[PDB]
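Read the single chain below, which is given as structure tokens and is the form deposited in one PDB entry.
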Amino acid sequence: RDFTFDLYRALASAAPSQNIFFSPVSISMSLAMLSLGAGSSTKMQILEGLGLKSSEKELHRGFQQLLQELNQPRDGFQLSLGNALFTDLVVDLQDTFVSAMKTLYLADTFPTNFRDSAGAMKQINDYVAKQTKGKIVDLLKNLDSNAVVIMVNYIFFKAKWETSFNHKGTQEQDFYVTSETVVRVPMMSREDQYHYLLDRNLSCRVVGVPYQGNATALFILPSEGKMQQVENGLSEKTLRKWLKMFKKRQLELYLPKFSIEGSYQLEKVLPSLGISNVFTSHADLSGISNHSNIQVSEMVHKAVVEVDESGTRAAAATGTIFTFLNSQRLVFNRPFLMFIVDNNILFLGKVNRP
């Protein structure tokens, strides 16, 4: 039972041969926020799902602390997170719950006339459009006239690498989406020391590329035909191992310049992972409203990330070395997994097609 990774597999299984990209920490946060107004067996699943009792008072203080940091402009690594709840006109909001939202999670709660589907969707999309300064302007594509409460979570990310990729080393190359399907993509490159590691167990190679700061981008390349195998091995433990075997190594790195995003209706997947009550009529959200017919109708999550050459410090030119074969080369030209960690797993995804 490893929520983050069970969520990944659940998503990859529901959408074979497609990119996958979500924010683990961000989703758990949304789920914690939600527990703040859930009761009995409903709050139980959420907490059990997250991986957590009673000391929950600290659970929220932790996230609150985390939010303030992220939303703190730390130039060269600016993360943009957002949460918001839209509740139908008939669900009366508890001031204790609304205040908690604003205070702990900096999230607003907006009454909404869900009987007016087109209007409600525009309101939700306009809100996120303003909040994200125009970066995400069409979060929702459809909306049901029977919605009671819609939860939205969005997160945009783009930091500068510690060191830029070669200013002239980006060339178009082949990327094998499959043994049959082949596409051209802009391929960045830079030779240097890198936290490398080979996992003969899961059969894959892992390389770490440092962002300007404390976050690290982890790129996993499964060996021929072993993506499924690696996916099944993904786990908190496995991750702790990798960070423990990482040793700097001279490396001719080849990595695609790409943009990836993911948008999911979490209510369609979380149930299969144990968090089901809250999404059903049997839900207990009495902490939000003592209205009987309350339940999360949709929990939409969207994460977006862009990877390019831009680094803080220009790349150091090798030059003619004189020592006692050929440096190790690693080109990401087959589907690969991507992690972005900074104490937490900020992001997790699969680049099936740049």
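Heads up: residue numbers just count along the shown sequence, starting at 1. In this text, rigid core is short for the largest set of C-alphas that superpose within 1.5 Å between two forms.
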Q: Please count the deposited residues lying between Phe324 and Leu325 that the model leaves without coordinates, and give the class: none, 1 to 3, 4 to 9, or 10 or more.
A: 4 to 9
Q. Just how many deposited residues go unmodelled from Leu52 to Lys53: none, 1 to 3, 4 to 9, or 10 or more?
A. 1 to 3
Q.
Please compare 125 to 133 with 248 to 256 and name the stretch with the higher mean C-alpha B-factor in the deposited structure.
A. 248 to 256
Q) Mean C-alpha B factor from the entry: is it higher for 54 to 62 or for 39 to 47? A) 54 to 62
(Q) Maximum C-alpha temperature factor per the entry, among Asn214, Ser117, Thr87, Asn153, belongs to which one? (A) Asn214
Q | Identity of residue with top Cα B-factor, from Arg184, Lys102, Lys268, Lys141 | A | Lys102
Q. For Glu261, does the deposited CA B-factor place it in the lowest, middle or highest third of the chain?
A. lowest
Q | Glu69 CA temperature factor, ranked by third within the chain | A | highest
Q: Consider only the C-alpha atoms of the modelled residues in this chain, order them by B-factor as the entry records it, and name the third containing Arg1: lowest, middle or highest.
A: highest
Q: Relative to the other modelled residues of the same chain, rank the CA B-factor of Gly208 and answer lowest, middle or highest third.
A: lowest
**Q.** Within-chain third of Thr320 by Cα B-factor, per the entry
**A.** highest
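Below, we turn to the form deposited in another entry, even though it does not appear here.
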Q) Which of these moves by 2 angstroms or more at the C-alpha between this form and the one not shown, core superposed: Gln78, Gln228, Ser223, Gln171? A) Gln78
Q.
Core superposed first: is there a CA shift of 2 Å or greater at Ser310 between this form and the one not shown?
A. no
